[PDB]
Amino acid sequence: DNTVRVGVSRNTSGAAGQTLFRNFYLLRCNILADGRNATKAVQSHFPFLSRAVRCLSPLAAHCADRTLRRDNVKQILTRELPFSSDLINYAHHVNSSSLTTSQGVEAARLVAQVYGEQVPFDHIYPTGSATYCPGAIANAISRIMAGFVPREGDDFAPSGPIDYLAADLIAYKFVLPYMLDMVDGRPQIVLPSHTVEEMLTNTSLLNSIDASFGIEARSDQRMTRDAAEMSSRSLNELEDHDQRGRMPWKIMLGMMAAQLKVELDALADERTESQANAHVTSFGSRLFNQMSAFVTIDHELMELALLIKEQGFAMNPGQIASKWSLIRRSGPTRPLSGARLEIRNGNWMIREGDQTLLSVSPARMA
Amino acid sequence: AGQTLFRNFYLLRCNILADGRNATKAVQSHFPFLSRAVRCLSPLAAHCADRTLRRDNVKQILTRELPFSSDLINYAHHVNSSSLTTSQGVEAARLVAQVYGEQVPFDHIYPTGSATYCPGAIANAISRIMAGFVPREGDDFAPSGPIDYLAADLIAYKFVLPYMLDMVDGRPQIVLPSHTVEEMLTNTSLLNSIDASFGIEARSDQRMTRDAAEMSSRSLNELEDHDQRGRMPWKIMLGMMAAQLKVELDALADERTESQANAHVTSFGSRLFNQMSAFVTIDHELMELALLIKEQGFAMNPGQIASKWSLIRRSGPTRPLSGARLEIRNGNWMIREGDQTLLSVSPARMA
Amino acid sequence: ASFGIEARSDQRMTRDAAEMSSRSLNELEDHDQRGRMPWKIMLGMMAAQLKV
Amino acid sequence: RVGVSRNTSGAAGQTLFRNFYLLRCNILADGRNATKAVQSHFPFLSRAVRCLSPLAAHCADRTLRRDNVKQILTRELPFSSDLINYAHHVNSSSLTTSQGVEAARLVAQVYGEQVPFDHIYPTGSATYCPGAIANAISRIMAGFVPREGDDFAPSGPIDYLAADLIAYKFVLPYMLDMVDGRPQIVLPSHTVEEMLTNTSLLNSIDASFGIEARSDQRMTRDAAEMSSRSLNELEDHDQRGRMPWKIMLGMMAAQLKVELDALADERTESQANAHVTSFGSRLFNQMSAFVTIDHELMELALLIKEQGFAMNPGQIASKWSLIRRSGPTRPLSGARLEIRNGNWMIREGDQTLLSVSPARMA
């Protein structure tokens, strides 16, 4: 006669787990015990880094948030103990030294100038301050590209104009960012010479960055003769337009890489956490996969990836933090002159003679 | 392989494959451009791929001695054939041309003030403008226009279920369609009675159903109003597709010779009924045709469709449905009388 | 009362269409053999036992 | 301009053996293997083996999955895969057989008070679809009521055995004949078709049911036998349908055998996917329930084990045809069966020729 229907739990609680580096944004980690299998090598996952690489197509990533996810974001942001992860998630600036950096603030000022006219940008990038959070700027410049407009203390509002590139990136799923140079008087993909912060300081260098976008068609046997050449476009090939946010996209990529590098530097000070979680050997293996978008851009990240692949993806947090600090202090550590660059089957790989030192596949803009 | 039937039609340009094994004429049927019509309800997702890819010239078609309408309807050009065009609800073309105004060369889409128009071209123009294109006078589209707020919102969804609303017992309530789509076009203010929910394609375990998401107040009407968020153009395009289907069914009814010379395709109506499931909840006549096909038990043929459609159009409401009732059950629209299910349709696929 | 499944394995997702995959006691089809009234009586009886 | 377009992808999916009932399988490559590490699984066969606990299998469908089935059951060319799942007779010679029709007639006589005849079993028909009969008896045991061209109506009475089997997760069929004056497990003496032809022999067949206890991390002691129970050990009652349960098991086995025989005609399809050597591996993995009841399934399992637990569908079809034509290809008198650690296996002294473990049903 009278009926009201209510839900029930999707219980899978047997897979107990916990999180590492809760005060970090990208290097925040979730570790899960092997449930389906008996082995005990704890598998791990960096959620926010996955989200960041997904957000390279801002509209596809943020469309679901336009309608139904009007949560109690005010309580989260107005909470007396805010988390840097949440604040950076909603593009709110944070003053933490570990999260913030001073190098390459010129790009941040450029972004604020471009978008500050039609958006309240003081809370994203306070004017004049040298220190800034690249993650917050990346989140802001993705959200604004996806038609949102920030509300400085509460949430975003889906009311702003939508960028042309954010719409063009709905037809693509796979992205391969890579450096480019005018060697031989001809465009050629080259190894990443400059670091991210150098480009952020001198924004003119960003014009060298390039990326290729690819579809996810529903037929097997790609590369028939070549599927990419009529199923894939390059970022710099798109027609110029004032509303088309190319430089914002490049700055978003660079800022995200800068945030990754900053958090890797700050990781060296988490001695207690690294020591306590030395048993998680999947940290290096997971990071080697999730980082793959940024390897082709930054020198130090590429060298870290090479070092990771050398010793079989076994590093715990401290074992990789120490190596990162070593390479940061000592600059270059190995000679890449013998190594050479090669592209085949849509993969960006480094060859030393016959051996492939490193090989990365395009990430997925889910 | 296969063959195309009713080549001059647009939605009923059925593709036929002789994949059956009961007999040589045991043929599987598919309707090209009808899938496209129902797909274009999410214009951005439908047209995102074309934003950076090949373009073709329609000017060659105008010089053809006997040009084929389908390309013109695809690219929103006014075909002059009386079978495809119609005059009922032409004020809808006038008002949409006015609201989009001179920002687009809309004369090629709809002649100024004419009492004749082709609904397919109007709907195609609405969809592609809403996606962020702008037709040129050279009969090709440019992606340089601004992008609608609503079109960028349908990316998050893949299923749609239109339905009419009425203020029954002083509260909003789903009701049977009490109007016809041409009347909706004429009475533009009446379109506000239309509403639609959107789905998300949940997972399955030997289950072919799909999730329609919020059955509560999260339908199209609940979206916050804005200058760019064109709900009304979307409803216009939906009604325009419905009118196109109705007038093409009328044209098929007039195609007595072809229908009776090809009255052997028993899968024709069976495919058509499921392919048009979106429009049953909007129109008297489409509902009546669907109910007659279902009670007939499918296996319907073109000539029988022609005869039945002519009867329905000439006789007005053929049957009374006051004894039946309408219920939305598990994300499905179903017409039930007593305990039996007179008719049922699941949400269509936007993309 | 509202009944629902302990859905398939899934490590994070909080719902499996929780409203679609659940049913209520008063919504089940009626039949003489169904002890709906005995079931509700049993529930109330257990509650009364706890209270006493 | 600078740069050039480089990469794309073509991820998709596929399946195979659509026309078959149990031999339908999902061809999918390994997610972690970029190469053509093809994988196969049998949904229909898994459902069939799981159905041995009828109430456990059909509990959800009693309220939840009430769907529109009339459209499915009213196609110009309806697929036998789901039509047999809803237990409707079909004329497919490749999916029907005449042997054991007396068992179908016996089931019809047993349940005629509720089941309409012609939609489930046309009276006097030489051939019949044993899979449809198995599905129907399972659903009847669950409490459902069939309707021609319509979804089952959950209104029939519950079978006592269906209620009992909900507590047990693991099953293990086997055959027995009198030896030494005491009952003892024996290798099969007749084929499933010969079994169904002479229903009186069905007292020979038996199965043992076992619980699943994930609560304790401790291994299984001798108490595993204390927990378990056997089909004929249960208290006798009119509504407790041991005989229909045995008929269901035999009918499902016969359906598998006849469709395996029909599989011999898929030369083109089988050779088109000869790369999938794991087909036979998956077949043997999911076939532990029925091998212990028939000669020829035992022969096929022994051949697959000897052949390395890996062969393509064409190899399976050809070798099964060879088994069917030859009959008993080996004298198994040398080997002996054992119940070592619960599993059902046969050994030629020390070496084990074939090993089987209890199947999970609920």
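Considering only residues that are under 18 Å from A:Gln118 (Cα atoms) and without any contact (Cβ under 8 Å) to a residue 60 or more places away in the chain, which ones fall in segment A:153-177?
A:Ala157, A:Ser159, A:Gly160
Considering only segment D:59-117, how many residues are within 14 Å of chain C (Cβ to nearest Cβ) and either buried (at least 19 other Cβ atoms within 10 Å of the Cβ) or of a type outside the set (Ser, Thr, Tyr) (or both)?
We begin by selecting, within segment D:59-117, every residue within 14 Å of chain C (Cβ to nearest Cβ); these are D:59-67.
From what's left, either buried (at least 19 other Cβ atoms within 10 Å of the Cβ) or of a type outside the set (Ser, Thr, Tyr) (or both): D:59-62, D:64-67.
Qualifying residue count for the region: 8.
Between B:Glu102, B:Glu91, which is out of contact with any helix residue (DSSP H, G or I) (no Cβ under 9 Å at 6 or more places or on another chain) and not polar (S, T, N, Q)?
Only one candidate qualifies: B:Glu102.
Working only within segment C:10-28, note down all residues that are more than 7 Å from chain A (Cβ to nearest Cβ) and more than 16 Å from D:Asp61 (Cβ to Cβ).
Residues satisfying the conditions are C:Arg12, C:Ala17, C:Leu25.
Using the structure shown, decide if B:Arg54 is part of a loop (DSSP other than H, G, I, E, B) and within 14 Å of chain A (Cβ to nearest Cβ). So that I can check it myself, show each step before the final result.
On the way: part of a loop (DSSP other than H, G, I, E, B): yes; within 14 Å of chain A (Cβ to nearest Cβ): yes.
In short, yes.
Residue-by-condition table, conditions (1) on the phi > 0 side of the Ramachandran plot; (2) away from chain C (no Cβ under 14 Å):
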| position | (1), (2) |
| --- | --- |
| B:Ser189 | no, yes |
| B:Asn192 | no, yes |
| B:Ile200 | no, no |
| B:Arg203 | no, no |
| B:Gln206 | yes, no |
| B:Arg210 | no, no |
| B:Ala213 | yes, no |
| B:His226 | no, yes |
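Restricted to segment A:175-204, and to residues that are of a type in the set (A, V, I, L, M) and loosely packed, with under 14 Cβ neighbours inside 10 Å, which residue is nearest to A:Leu253 (Cα to Cα)?
Start the filter on segment A:175-204 by keeping residues that are of a type in the set (A, V, I, L, M), which leaves A:175-176, A:179-180, A:182-183, A:189-191, A:196, A:199-200.
Next, only the ones that are loosely packed, with under 14 Cβ neighbours inside 10 Å stay: A:182-183.
Values: A:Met182: 22, A:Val183: 24 Å.
Filtering first and then ranking leaves A:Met182.
Counting only residues that are out of contact with any strand residue (DSSP E or B) (no Cβ under 7 Å at 6 or more places or on another chain), surrounded by fewer than 21 Cβ atoms within 10 Å (Cβ to Cβ) and within 7 Å of another protein chain (Cβ to nearest Cβ), how many does segment B:132-145 have?
Final tally of qualifying residues: 0.
Listed residues A:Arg69, A:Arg79, A:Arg54; which is among the basic types (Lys, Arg) and touching a strand residue (DSSP E or B) at 6+ places or on another chain (Cβ under 9 Å)?
Within the list A:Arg69, A:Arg79, A:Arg54, the selection yields A:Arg54.
Which one of B:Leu245, B:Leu185, B:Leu252, B:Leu190 is in contact with a helix residue (DSSP H, G or I) (Cβ under 7 Å, 6 or more places away or on another chain) and free of Cβ contacts under 8 Å to residues at least 12 places away in the same chain?
One residue alone meets the criteria, B:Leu190.
Hey, can you tell me all the residues within segment A:1-34 that are loosely packed, with under 14 Cβ neighbours inside 10 Å and in contact (Cβ under 8 Å) with a residue 24 or more places away in the chain?
Matches in segment A:1-34: A:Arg22 only.
When you look at B:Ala121, is it buried (at least 24 other Cβ atoms within 10 Å of the Cβ) and either in a loop (DSSP other than H, G, I, E, B) or within 14 Å of chain A (Cβ to nearest Cβ) (or both), yes or no?
Spelling it out, it is not the case that B:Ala121 is buried (at least 24 other Cβ atoms within 10 Å of the Cβ) and either in a loop (DSSP other than H, G, I, E, B) or within 14 Å of chain A (Cβ to nearest Cβ) (or both).
Looking at the structure I just gave you, is B:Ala46 more than 14 Å from chain A (Cβ to nearest Cβ), within 17 Å of the chain's Cα centre (by Cα) and buried (at least 18 other Cβ atoms within 10 Å of the Cβ)?
Taking the combined requirement at face value, the residue does not satisfy it.
State whether one or more residues within segment A:280-291 are part of a helix (DSSP H, G or I), within 14 Å of chain D (Cβ to nearest Cβ) and of a type outside the set (D, E, K, R).
Yes: one or more hits.
Conditions first: (1) part of a strand (DSSP E or B); (2) surrounded by fewer than 18 Cβ atoms within 10 Å (Cβ to Cβ). A:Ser219 passes all but one, so which condition is the exception?
(1)
Looking only at segment D:29-43, how many residues end up being within 14 Å of chain A (Cβ to nearest Cβ) and more than 30 Å from A:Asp226 (Cα to Cα)?
Number satisfying all stated conditions: 0.
What is the residue count in segment A:35-64 for residues that are without any contact (Cβ under 8 Å) to a residue 40 or more places away in the chain and not basic (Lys, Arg)? Let's see the steps before the verdict.
Within segment A:35-64, the subset without any contact (Cβ under 8 Å) to a residue 40 or more places away in the chain is A:35-40, A:47, A:51, A:64.
Within this subset, residues satisfying the condition of being not basic (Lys, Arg) are A:35, A:37-39, A:47, A:64.
Number of matching residues: 6.
Checking the condition basic (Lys, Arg) and over 30 Å from B:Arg207 (Cα atoms), which residue from B:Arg271, B:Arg313, B:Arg336, B:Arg325 passes?
Testing whether each residue is basic (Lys, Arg) and over 30 Å from B:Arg207 (Cα atoms) leaves just B:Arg313.
Is there any pair linking a residue in segment D:297-325 that is closer than 20 Å to D:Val38 by Cβ to one that is among the hydroxyl-bearing types (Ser, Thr, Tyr) and surrounded by fewer than 21 Cβ atoms within 10 Å (Cβ to Cβ), with Cβ under 7 Å and at least six apart or on different chains, and which?
So the pair list comes out as D:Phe309/D:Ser281; D:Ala310/D:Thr277; D:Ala310/D:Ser278; D:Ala310/D:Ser281; D:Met311/D:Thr277; D:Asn312/D:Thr277.
If B:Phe198 satisfies all but one of (1) in a helix (DSSP H, G or I); (2) under 30 Å from A:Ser159 (Cβ atoms); (3) touching a strand residue (DSSP E or B) at 6+ places or on another chain (Cβ under 9 Å), what's the number of the condition it fails?
(1)
Is it the case, given these coordinates, that A:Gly245 is within 23 Å of A:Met179 (Cα to Cα), within 20 Å of the chain's Cα centre (by Cα) and surrounded by fewer than 24 Cβ atoms within 10 Å (Cβ to Cβ)?
Values: within 23 Å of A:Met179 (Cα to Cα): yes; within 20 Å of the chain's Cα centre (by Cα): yes; surrounded by fewer than 24 Cβ atoms within 10 Å (Cβ to Cβ): yes.
Yes: the conditions hold for A:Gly245.
Cβ-Cβ distance below 6 Å, separation of 6 or more or different chains: which pairs start in segment A:329-358 with a residue that is surrounded by fewer than 11 Cβ atoms within 10 Å (Cβ to Cβ) and end on one that is part of a strand (DSSP E or B)?
Between residues of segment A:329-358 that are surrounded by fewer than 11 Cβ atoms within 10 Å (Cβ to Cβ) and residues that are part of a strand (DSSP E or B), the close pairs are A:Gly338/A:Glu352.
Given the criteria within 14 Å of chain D (Cβ to nearest Cβ) and touching a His at 6+ places or on another chain (Cβ under 9 Å), does A:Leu238 qualify?
No: the conditions fail for A:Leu238.
Could you list, in sequence order, all residues of segment B:298-351 that are of a type in the set (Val, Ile, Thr) and within 11 Å of another protein chain (Cβ to nearest Cβ)?
Hits for segment B:298-351 are B:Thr341, B:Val345.
Output the residue which, of all residues in segment B:262-276 that are within 12 Å of chain D (Cβ to nearest Cβ) and of a type in the set (S, T, N, Q), is surrounded by the most Cβ atoms within 10 Å (Cβ to Cβ).
It comes out as B:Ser267.
Filter segment B:25-43 down to residues that are aliphatic (A, V, I, L, M) and farther than 20 Å from B:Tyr117 by Cα and give me whichever is farthest from the chain's Cα centre (by Cα).
Step by step, filter segment B:25-43, then rank; the result is B:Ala26.
For B:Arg7, are the conditions met, namely being out of contact with any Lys or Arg (no Cβ under 8 Å at 6 or more places or on another chain), more than 14 Å from chain A (Cβ to nearest Cβ) and of a type in the set (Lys, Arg)?
no
Would you tally the residues in segment A:153-187 being away from chain B (no Cβ under 12 Å) and assigned to a loop (DSSP other than H, G, I, E, B)? If you could, list the steps in order and put the result at the bottom.
As a first pass, look at segment A:153-187 and keep what is away from chain B (no Cβ under 12 Å): A:153-156, A:174-187.
Retained after the next criterion (residues that are assigned to a loop (DSSP other than H, G, I, E, B)): A:153-155, A:179-180, A:182, A:186-187.
Total satisfying the criteria: 8.
Which one of these does A:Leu253 not meet: (1) farther than 24 Å from A:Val360 by Cα; (2) within 22 Å of the chain's Cα centre (by Cα); (3) of a type in the set (A, V, I, L, M, F, W, C)?
So A:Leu253 meets the others, but not (1).
Rule-based calculations on the coordinates, nothing more; no lab input. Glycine gets a Cβ as well: all are built from the backbone with ideal geometry, and neighbour counts include every protein chain shown.
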